[PDB]
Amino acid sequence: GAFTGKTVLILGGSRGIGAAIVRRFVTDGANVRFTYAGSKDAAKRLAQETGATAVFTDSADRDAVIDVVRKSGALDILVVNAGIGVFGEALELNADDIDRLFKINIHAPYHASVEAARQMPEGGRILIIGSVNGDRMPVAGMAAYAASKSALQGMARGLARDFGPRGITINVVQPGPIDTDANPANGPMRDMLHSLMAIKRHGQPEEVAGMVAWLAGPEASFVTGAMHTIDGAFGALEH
């Protein structure tokens, strides 16, 4: 157990990347709790398969996020995975949906990270799942999403300095296409996405979890305030 005896909280752990992260930390021996909102059956099934603890918390509710983090006690590792996509022509998207995206994708990582730092010991780790779309030229239809993922860069740089004296690192993982419900490897966008990539496949959720596990471990104590891209070199058109 690389993480035996460690307390891990994963926000948004019921499916996809988050569920892969739950499984990895469980396999490595950690005491894992994770949150869900809309996928209760998936959460219960994951808890039964792994022994992790499922907890309802809507990441769009600031005080609920703060409360779940605070009521976890001293955390060793916080992973903020929960995020949503609202895609379409900017002039046709509903403003309330956009603001919900900002609340989940920007506000919740900020407040969860600060709250976690209140009780986290020296050696603590905070990981946020961002996106390579925080760096790249976004396709049409994802401007607010891209903004929310670029927000995490300045957020992590700044919080790294706020948390440095406490012995806590904070880092952002930026995936390219990963095979999940939100980005199925078999979906109709498969061929286009792969035409933009050096490694012509979707990543697997377990690969994101592997990068998270390295950053959360003892070899990464000098790694903080940084964005770590795991994307198959996405963004160049096949010629």
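Numbering starts at 1 and runs along the sequence shown.
Higher mean CA temperature factor between 208 to 216 and 38 to 46: 38 to 46, per the PDB entry. Higher mean CA temperature factor, per the PDB entry, when comparing 71 to 79 with 138 to 146: 71 to 79. Among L93, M155, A108, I128, the highest C-alpha B-factor in the deposited entry belongs to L93. Among all modelled residues in its chain, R161 ranks in the lowest third by Cα B-factor.
In the deposited entry, the Cα temperature factor of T53 sits in the top third of values across the chain's modelled residues. In the PDB entry, a CA B factor belonging to the highest third of its chain's modelled residues is recorded for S59. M197: CA B factor lies in the lowest third for its chain, per the PDB record. When the CA B factors of the chain's modelled residues are split into thirds, the value for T27 lands in the highest one.
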